[PDB]
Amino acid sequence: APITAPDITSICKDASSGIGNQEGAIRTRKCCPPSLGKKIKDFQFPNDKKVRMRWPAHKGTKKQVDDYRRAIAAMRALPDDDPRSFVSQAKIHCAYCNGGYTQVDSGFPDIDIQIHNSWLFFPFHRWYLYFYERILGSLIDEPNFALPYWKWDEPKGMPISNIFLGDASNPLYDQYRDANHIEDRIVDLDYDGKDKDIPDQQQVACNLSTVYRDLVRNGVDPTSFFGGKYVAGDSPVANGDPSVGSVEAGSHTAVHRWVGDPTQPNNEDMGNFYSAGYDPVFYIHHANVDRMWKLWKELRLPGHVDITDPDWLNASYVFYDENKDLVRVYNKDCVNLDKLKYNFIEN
């Protein structure tokens, strides 16, 4: 049977899984979403006139950059308890990744839902960003708003983009990042917790090698790319499990570790699920992770196909949308980007 998120406004508990130092945590663990008296609606495919074209963070137009920056500013200006607010959006990741919800709707009320370390990884984050992106556009009246994506598979996109830097006046900035690494600028997609100390050009080549490793060498079929089968009744799969998919465990994990501030008690923000969403670059990293799913299919190699298992197709989550409605979404409905009315600008 499929994993099924509950009514997240009725059954929810504070996050207390996957956080090593709870008492010193620099972000909240009270990650439950607000109650507005909304019913949960079924997803309807969007009627957008134009496809939202996500843009590489290092090569945006002025309008793309300004729209994104202004939208984040608007999101940070919302009241805290607005489900669209900066902290409310961060809390989503905390709730779904650090034990906010149970499998009560599947007949397992005492087992948590975890969306990481399994085949839920890609579609959960796809939907999360889908609503996040539509929310941002709505806050600034840009009906065709698209997120940037951190194109760390392309040499000039490998340095963390200047748009995220500066200090507190920049809506896109976050003080809780590894200062040494921000100085180095160029992300290490092969980062294992030890700095490599190599020429920039070498790191560039290593990153490209790492992308090919995740997408071709290790992501040879749906099990190895998307991650292991995770169904009603299962307990959470541990970080580091061999069943975790290639991208999730590889380049994905590396960027989180590398950006996260090791001087913080849980390497906040990017270094732990529960806090990662307080870094604007979290979502923009994940937009490129989202893109990897697209690229992986476009490789046209044996095994590079989507999942057809009903227990994956019929798995569902609940999110607030740009109208503060609650929406239930299914994995099956995010496999086709044309139908979700976005894609990514490619060379």
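Residue numbers here begin at 1 and follow the sequence given.
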query	finding
Given 16-24 and 322-330, the range whose Cα B-factors average higher in the PDB entry	16-24
Entry-level comparison of average CA B-factors, 87-95 and 156-164, reporting the higher stretch	156-164
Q103, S275, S169, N117, ranked by C-alpha B-factor: the highest one	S169
Highest-ranked of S224, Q202, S138, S251 once sorted by CA temperature factor in the record	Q202
Third of the chain, ranked by Cα B-factor, where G228 sits	middle
CA B-factor ranking of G60, expressed as a third of its chain	highest
Position of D184 among the chain's modelled residues by C-alpha B-factor, lowest, middle or highest third	highest
Lowest, middle or highest third - CA B-factor, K30	lowest
Third of chain Cα B-factors occupied by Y176	middle
